[PDB]
Amino acid sequence: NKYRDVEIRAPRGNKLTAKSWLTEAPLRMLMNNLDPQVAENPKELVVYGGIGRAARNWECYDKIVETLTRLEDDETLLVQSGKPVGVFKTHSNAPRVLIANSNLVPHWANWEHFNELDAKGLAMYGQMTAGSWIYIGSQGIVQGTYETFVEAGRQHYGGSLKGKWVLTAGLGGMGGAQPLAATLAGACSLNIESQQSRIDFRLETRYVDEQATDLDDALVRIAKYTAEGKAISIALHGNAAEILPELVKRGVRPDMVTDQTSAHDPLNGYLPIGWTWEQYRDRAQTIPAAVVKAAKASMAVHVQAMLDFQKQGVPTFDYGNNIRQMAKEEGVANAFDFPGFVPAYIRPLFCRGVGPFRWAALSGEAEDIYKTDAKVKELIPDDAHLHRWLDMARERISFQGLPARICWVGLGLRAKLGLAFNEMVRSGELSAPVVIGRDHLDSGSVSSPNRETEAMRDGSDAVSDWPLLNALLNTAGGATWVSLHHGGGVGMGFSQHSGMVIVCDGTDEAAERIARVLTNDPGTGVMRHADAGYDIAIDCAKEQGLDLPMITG
Amino acid sequence: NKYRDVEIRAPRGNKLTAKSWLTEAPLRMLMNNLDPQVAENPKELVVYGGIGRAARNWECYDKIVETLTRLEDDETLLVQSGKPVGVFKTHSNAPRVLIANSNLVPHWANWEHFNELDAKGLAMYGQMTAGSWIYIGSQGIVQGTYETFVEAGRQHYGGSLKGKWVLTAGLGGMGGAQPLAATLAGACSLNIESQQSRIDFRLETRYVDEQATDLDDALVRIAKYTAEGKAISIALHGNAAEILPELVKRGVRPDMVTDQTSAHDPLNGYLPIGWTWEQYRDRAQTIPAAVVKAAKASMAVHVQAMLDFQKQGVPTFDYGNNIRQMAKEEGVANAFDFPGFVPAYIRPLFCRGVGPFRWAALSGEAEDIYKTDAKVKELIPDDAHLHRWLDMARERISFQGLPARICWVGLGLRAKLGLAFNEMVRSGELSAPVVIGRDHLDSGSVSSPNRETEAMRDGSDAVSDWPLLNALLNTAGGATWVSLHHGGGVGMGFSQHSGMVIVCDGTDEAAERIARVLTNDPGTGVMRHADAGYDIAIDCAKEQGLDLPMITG
Amino acid sequence: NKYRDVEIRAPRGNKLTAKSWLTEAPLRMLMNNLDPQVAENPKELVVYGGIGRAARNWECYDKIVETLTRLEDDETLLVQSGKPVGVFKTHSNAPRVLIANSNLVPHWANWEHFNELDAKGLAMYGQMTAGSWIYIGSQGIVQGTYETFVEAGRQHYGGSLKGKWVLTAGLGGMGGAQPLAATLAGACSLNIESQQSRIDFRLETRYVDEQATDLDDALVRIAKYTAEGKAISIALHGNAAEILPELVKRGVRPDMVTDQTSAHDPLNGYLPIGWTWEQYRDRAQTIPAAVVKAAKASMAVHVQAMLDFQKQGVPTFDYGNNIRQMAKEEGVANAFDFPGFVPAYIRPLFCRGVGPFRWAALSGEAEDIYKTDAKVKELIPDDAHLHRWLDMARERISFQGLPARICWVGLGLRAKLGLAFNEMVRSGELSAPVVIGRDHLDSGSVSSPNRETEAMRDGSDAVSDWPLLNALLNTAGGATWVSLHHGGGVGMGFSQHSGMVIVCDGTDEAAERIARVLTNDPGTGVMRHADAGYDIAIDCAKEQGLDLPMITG
Ligand SMILES: NC(=O)c1ccc[n+]([C@@H]2O[C@H](COP(=O)([O-])OP(=O)(O)OC[C@H]3O[C@@H](n4cnc5c(N)ncnc54)[C@H](O)[C@@H]3O)[C@@H](O)[C@H]2O)c1
Ligand SMILES: NC(=O)c1ccc[n+]([C@@H]2O[C@H](COP(=O)([O-])OP(=O)(O)OC[C@H]3O[C@@H](n4cnc5c(N)ncnc54)[C@H](O)[C@@H]3O)[C@@H](O)[C@H]2O)c1
Ligand SMILES: NC(=O)c1ccc[n+]([C@@H]2O[C@H](COP(=O)([O-])OP(=O)(O)OC[C@H]3O[C@@H](n4cnc5c(N)ncnc54)[C@H](O)[C@@H]3O)[C@@H](O)[C@H]2O)c1
């Protein structure tokens, strides 16, 4: 059915429930997706995003578990929007599970039709990692936001963020990660949020350190903590469209400026200048046209302030909330004089196949992750920023469900790491096999013109051949499970993306798959960006000896 | 350019700059429109009502002055949106100046197109009396506002406003008359104004009594003064769109609610919620589309509060700034649930041709006006209301620029007074010629479905043949200058209206023009309302012996 | 009352019904507007355009006639949308009648509101000359279309069209005038029309000389008639969007290309390529959206052919049917590479105040018009095109109602001719007074951004100050009747325009008014165009000694 009063947790240790580690792995990771410590609403099979599910319904979940438990190494289960629809003969070097969730023929790819199918029992929103069984809790968004701040810090500031501060807004579902990410990057931050209840939540969870009493107090604290070389996040109850222009007027100069207000939704996600929250919600019901106009006017003012910071040379960037387009429509003709965070910071990383390399210890032992943390530092010895992340993840990131880790590593190094992990399983240094996967947001695995593929230099934003080729190639290469999803992050109609996870069980046959998959997966991202004509990606392909017929011959 | 750091003042006494009194008169009244004691912002050519200007720019101003100085009595100057465009041969019994300001082919009659033309040097907003040179400071409207308050008192409060108070906003050139009008009607008043300089101006010219320190203070004063039976006006520095909703929330109940902010022009005349006046003016230059959106959204909130007051039983009306229209456009579907002041209170006066009839002493002598006050009482000896009006005017209305007088009289009496004043000029009782005019708000000179012709009994609100005929007839009859303006009062798209001024220079020739012009001008108003089937107007036409073919034969 | 089974004709000879010739003139011209020989549907007071009326209804007509009959020379009648609303004292040098028809406050200036008012007995569409009593039948449109073709000939072909041919389409209400106008101008013409019934009509009335059997036949006839120096009009039954592209393909070069299909109305007025008229009418009922697209697509093809002609040096012009706009919306990005006929040909004439000078013999005698024709020839002896037109008019243009004539005459000559006609009345050369007027389409008397003021060089298309000033100035100057109309030609919302008519009764007093009015009326046109910065207008202003303060000091 829809609701079940149960607690689900991944089996631990070395005892198998399934027939091998190739099938035990997806089984454990599915169950991990539903862990009370990991999942948002697992009693309704919700992993995250309110309706991002691990399985279509409880009958489907039961049958997936049943089927995985008896699946042979020469068989492949097909999961179709969270339903186990078929088992077919393949071989041990093919994936054990092939997953396609939420895919709709384009003309019908909208929430209205999704809802119609849902009513008929035909639907499940997979988000990214909800339906594809590789979600590891808040570490994803925390590490991800950390990467943006750290990369911006590498580009502008030589990786030296001590005594520097980030100015931003929004402490919501995604924005709440900003203060912690900044702190971990080594920066102070001032975080503007219009709902006190969201500040309270982020204070309670220690994502934000302190709340200032007012703007003057906020600035005193920032000046204090930066002078002392501390990395402390500060929350301020207020309105970014009021505070940012005031900071410009006062000549206050932050070291980075961004924003995570929900400016994509003027009716519901962006408080107009001068309004309480309060007035905003009340007026949204009675005069929605006026509210949208008030919010949009306020965004123009907000973006003018962001542009003013950039004119003073402050690294300034959009954090995917559509605020620049909103402002532009209001006559801020130069709204796009500051870039989106992906084109500015993430894409150059994607050009080198650097993306969010994610792994989990199937044993459940924290020590297995600590051992892999140490291995990563050993194999990548000269990279100080990676070492800092791994040092403070142990100190400041709590495991949720199965101990897991994310770090950003590129073409060449992904395979090096995966093979080392595999050798560690073989040697018994790791107590049980590990899985290596990622979010669906990687260099060669996503098409999303409003986000990850916005403003491709060749205008190819909407080309979705790439994630489809990525999934086909990872199937051919030997990933343990491969996923194709639609509409993760941005909703029905707006993205297509692929996932893969591979088990490292210490065998040489795994090593062969690992070598292929962990070369090919980032390799497709280098290819994709080289195809668009990015010099970094072309140079990376040549350095790594990638075979790109139209570039390398 | 539209800024010049100069003080403009009407020449005084009997020495002529122009060739005759027919040409000296418009020269002096143009300059009087720009007198620092008269105009809201004369260094930018702005007289009142948002950006109501006296001339298109300073080059145009200079050329108008130059041209009027050389104009012959058989010549007519054409003024086109504040620009002197042509001089043509007519005769001494035709107007010396013909003015057409702000007129746009209907499909293009909106603020967006006006602003485009303005940016090209092709436009000027005439308002009503700004572009047609018959503005006399806050006195021009003060009797109208007074008659409105008094009539509302008759309908709602048994003819007594003692112990009652008005809530309103806008202390600009015309809005500044509200506090004094309320006082003269016997009511206390709370008047919200966003610019300290405007409060200062009203304080300086004795139009408002005092300024409260905050809203709480204002409310205690209102409660005390009303309990004492006093009639004292109170200015409060703030934003009506913030204060009115707050007052609704607190359950505060004024005895009347209206508004006279410059809502007719969202870009220039109405301060958005949460904005300073400085931010408003700066942003109007850079992001005008956002500014209009913010102002209109704020008007929606403002009108919602006015509607809440009305639902609580508070007498509520639109005082002629088109605010209901602006709110309706933004989703306030019931914006017109409260009426305009004309259909509610003033129309029966228009039916008799009674309106904002006025005159000014070109000599600059206060004693010339006092002499006219005395003559009016002599000629209208039995009207207690009018005698008291004139007493209160002498006691409480400060002259601004050239001494002038507002005095609401209708068909029959306008010519009687006009002819008496001309005799006083001939006899030397008046030291120099006087000009007789009116606002364009008058019985026969305006079509405006959201103001002067709102809810006509025959549904003829939008018929604008009438003001055009009025201007043509005033030209045929021998007014000294005649105007046809678009958009005065209620903004672009919403009105068409005419103006007239006639000089009483003491001659027999002027007497003949005065006799017919001051009969015909209110005569067209009686005709217009008689056409619509108003019995008061029909009875008035018959009493005065008007020739109305479809009514009298 | 709406319908009256009567025949109305202007009184003839020298016997007065009214009190003077100043009031006899408008009376006769009103009745002439309803002559069975002149009016489209006079039993319902319709002069032209289906609903362009002389008076609002029969009661109004009766009262207008009765009032004019008793009107004194020092009195002025106000006509308000065809209704005699008031009579006021003026003087003998003011107009006897002031007319304002169809004027609506801009926000309500649309047909839906007009219709609402009409249903309440409050409305009348005056068109241009229907409500202002100066319509003289088909001579207006025939002469006007003639002037376009003649002016094009002057600009491109040294003022000779002999051996030349015009290619156009549309033989409708206005388009039907094309073949006759081309013939009179001295050119051959090929006229494409999709309805055989329309061709039949024009063949019967001799507007079109002959019908070709097919395109090849048409081309054989054109080659022959042009080679023989004949001016013969040829109709071709077909589709302009099929024929014009075929002519381009064949390498055929006409000497002028224009179009008067009803492209402004894709659903009803423009036959799609490959469709029969029956298919078009049938499909308009079942699939109107598809019909509109087929027609719009066909317009794109048609305009492509017109551009192909222009690229070859063929004088090509839009004849006010919106076709360029329609094609542009379909991806013909250079659709405005050919001009409208006004900007190209009529506007240069307007710059010199050259416009359609029209006059009528109140006597009813054809000899009166023939005498004035000869007088015009005498006073303008060196203009061969003028002489040709007047000779052409006598032989090819039939009088309708009162004998009347149109001539294009500019600043300086208009007054010269008017003073001369007046002297002929005085001397008894003319058997009775003549009226001098015009269409509302003259240099200083119309604002109409989609027609006569399209693409003003300064962007002032929509400025309607000008016709208003023209009306006011003609009232001041001494025209016999003056009119302000809205919506003529282009409909509610899209134009504002003025009329004037002046009687030449042979008196010295009329001469004084004629010298003024006939200088001032075209003078305002030169002024308007000089204001816009047209060198021709500025040069003309200086040559005629016009007093334009911002140009000449
Ligand atoms: N492109 C990406 O990968 C990416 C990553 C992170 C966030 N985002 C974007 O950031 C936006 C926020 O995401 P979210 O999930 O946190 O949304 P959310 O709705 O949970 O959070 C928005 C927060 O902004 C606050 N807010 C609204 N108006 C404000 C104002 N004027 N001043 C201060 N605070 C205000 C709201 O109270 C809310 O807490 C979204 O548009 C999201 O798409 C995009
Ligand atoms: N009813 C009538 O007879 C009549 C006559 C003349 C003018 N008017 C109309 O009256 C209005 C005011 O004319 P004016 O000459 O005073 O204009 P103005 O532009 O001189 O003054 C407008 C005033 O409104 C104040 N204001 C604007 N927004 C405000 C807000 N949100 N809260 C508080 N104050 C605010 C401004 O600071 C300014 O002082 C105009 O719309 C004008 O067209 C009506
Ligand atoms: N701007 C001006 O002053 C001016 C002057 C003359 C005409 N016009 C414009 O010209 C157009 C015609 O006016 P009208 O009153 O004659 O309209 P109308 O509807 O009477 O005539 C249009 C004619 O076009 C014919 N037609 C339609 N599609 C055709 C096609 N594909 N091929 C050949 N013939 C086709 C119709 O059969 C009809 O006879 C209108 O848009 C009018 O506004 C403007």
Side-chain angles (χ1 to χ4, degrees), chain B residues 458-460 463 465-466 469 527-528 530-533 538 547-553, chain C residues 1-12 17-18 23-71 76-87 96-103 111 114-137 400-402 481 483 485-488 499 501:
Chain B
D458 67 342
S460 67
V463 173
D465 301 319
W466 306 103
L469 290 167
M527 167 186 72
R528 196 268 175 266
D531 191 77
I538 296 168
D547 189 342
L548 308 187
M550 295 300 282
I551 298 174
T552 56
Chain C
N1 188 77
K2 331 208 170 199
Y3 169 91
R4 189 185 281 175
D5 189 12
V6 287
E7 286 185 328
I8 291 166
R9 290 176 176 93
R12 308 301 222 245
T17 293
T23 53
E24 184 81 4
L27 177 68
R28 290 196 185 185
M29 296 310 284
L30 159 60
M31 297 176 75
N32 189 64
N33 262 31
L34 295 169
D35 198 295
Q37 203 168 60
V38 171
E40 172 198 353
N41 182 20
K43 288 173 188 179
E44 292 179 350
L45 292 163
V46 176
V47 181
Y48 69 93
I51 57 161
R53 290 179 151 99
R56 186 182 301 185
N57 54 58
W58 284 100
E59 299 206 341
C60 289
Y61 173 81
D62 285 344
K63 188 62 62 176
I64 296 165
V65 171
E66 175 187 6
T67 307
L68 285 173
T69 303
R70 55 99 167 161
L71 197 66
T76 293
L77 167 70
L78 269 37
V79 173
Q80 180 270 311
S81 288
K83 181 182 184 179
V85 288
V87 172
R96 301 281 61 79
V97 198
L98 299 165
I99 305 171
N101 290 326
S102 317
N103 294 283
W111 285 115
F114 176 95
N115 288 339
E116 177 180 309
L117 290 171
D118 198 19
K120 290 170 165 170
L122 293 166
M124 187 197 81
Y125 191 34
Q127 268 288 0
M128 307 226 169
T129 57
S132 65
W133 316 330
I134 192 61
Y135 184 68
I136 62 164
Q400 294 168 264
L402 296 169
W481 65 104
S483 305
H485 283 203
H486 159 237
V501 187

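Sequence lines set the chain letters: A, B, ... in the order given, protein chains first and strands last, and positions in each chain run from 1. Side chains included, hydrogens not; waters and symmetry mates left out as well; all remaining heavy atoms used.
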Heavy-atom pair of closest approach, residues [X] and [Y]:
X      : Y      : answer
C:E40  : C:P42  : C-CD, 3.7 Å
B:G459 : C:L117 : O-CD2, 3.5 Å
C:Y125 : C:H486 : CE1-O, 4.0 Å
C:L71  : C:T23  : O-CG2, 3.7 Å
C:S132 : C:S483 : CB-OG, 3.1 Å
C:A54  : C:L30  : CB-CD1, 3.8 Å

With no hydrogens and no angle check, is any side-chain donor or acceptor of [X] less than 3.5 Å from a backbone partner on [Y]?
X      : Y      : answer
C:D62  : C:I64  : no
C:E24  : C:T17  : yes
C:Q80  : B:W466 : no
C:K63  : B:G553 : yes
C:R56  : C:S81  : yes
C:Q400 : C:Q37  : yes
C:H485 : C:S102 : no
C:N33  : C:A130 : yes
C:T69  : C:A18  : no
C:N101 : C:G131 : yes

Do the non-hydrogen side-chain atoms of [X] and [Y] ever get within less than 4.5 Å of each other?
X      : Y      : answer
C:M31  : C:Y61  : yes
C:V47  : C:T129 : no
C:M128 : C:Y135 : no
C:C60  : B:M550 : yes
C:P26  : C:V501 : no
C:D5   : C:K43  : yes
C:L402 : C:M29  : yes
C:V87  : C:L77  : yes

Straight-line distance of [X] [atom1] to [Y] [atom2], nearest 0.5 Å:
X      : Y      : atom1 : atom2 : value
C:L27  : C:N32  : CG    : CG    : 11.0 Å
C:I99  : C:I134 : CD1   : CD1   : 10.5 Å
C:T67  : B:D547 : OG1   : CG    : 7.5 Å
C:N41  : C:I51  : CG    : CD1   : 12.0 Å
C:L34  : C:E7   : CG    : CD    : 11.5 Å
B:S460 : C:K120 : OG    : NZ    : 9.0 Å

Exercise. Does the side chain to side chain contact (heavy atoms under 4.5 Å, CB included) test come out yes or no for B:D531 and B:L548, once each step is laid out?
Worked result: CA-CA 9 Å; B:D531 191 77; B:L548 308 187; over 6 Å; no
Exercise. Is the shortest side-chain N to carboxylate O distance from C:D118 to C:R53 below 4.0 Å?
Worked result: no
Exercise. Are B:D465 and C:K83 within salt-bridge range, i.e. N to O under 4.0 Å?
Worked result: no
Problem set entry | Aromatic ring pairing C:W133/C:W481, orientation class (parallel under 30°, perpendicular over 60°, tilted between) | tilted
